[PDB]
């Protein structure tokens, strides 16, 4: 009925201009933000939520030089942060995983997807379709021959693991509502809100369709009012200071 353990796994970092976490701010200060993956230990097996950054980001802060985000996004990734290495240190190989869940196919969430060539990768149809043509998607995040499990809308992965369709930040973004043995209800917003203030205070942040993103935040607030979960945001430096991280779990 519940997930046995929910692990927060640091998967490197990325510098992002602060105007991407609060659209009102003047550009020109970068923030060193966490990149997360999550590992769910379930009765049916281990499930990995997101896959970190692509190998091209390893020791390559200048990855986005020459692109429309030059100077605004700089990966902070070492060899240790490649998802296969993270998993091996934790105690898994890619073919051990039951599912991969892609919140969305942005570069720091699906950069590791190519490592999983057998495991089904659960991703929203609207996200998959966007990734095929929109400029903000890297080739590494939309590789053609992976075992995609394309879904549409809300979806129950296994008992205790619910996906909530939360488009706006990206065209097919999805968040997770998890029931854990130790903590009960947990909401992982992922990038439906980078920070607590994006969520609680509806502070605008980077997104494909900010209006739609706000509607998804409103939807999540309805879920929160009903379920009273503990809530974790996508790239929140303040919250990171108090997060239990691997080998601790919730």
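Numbering follows the first chain given and starts at 1.
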With reference to the PDB entry, specify whether the mean Cα temperature factor is higher for 6 to 14 or for 222 to 230. 222 to 230
Averaged over C-alpha atoms, is the B-factor higher for 107 to 115 or for 174 to 182 in this PDB entry? 174 to 182
In this PDB entry, which of 200, 191, 50, 41 has the top CA B-factor? 200
C-alpha B-factor winner, where the candidates are 72, 166, 162, 147: 72
By the entry's values, the third containing the CA B factor of residue 95 is the highest
Temperature factor at the Cα of residue 125, chain-ranked in thirds, falls in the lowest
Within this chain's modelled residues, let me know which third the CA B factor of residue 213 belongs to: lowest, middle or highest. middle
Chain-relative C-alpha B factor for residue 63 (record values, thirds): the highest
Taking the values exactly as deposited, rank residue 33 by C-alpha B-factor within its chain and report the matching third: lowest, middle or highest. middle
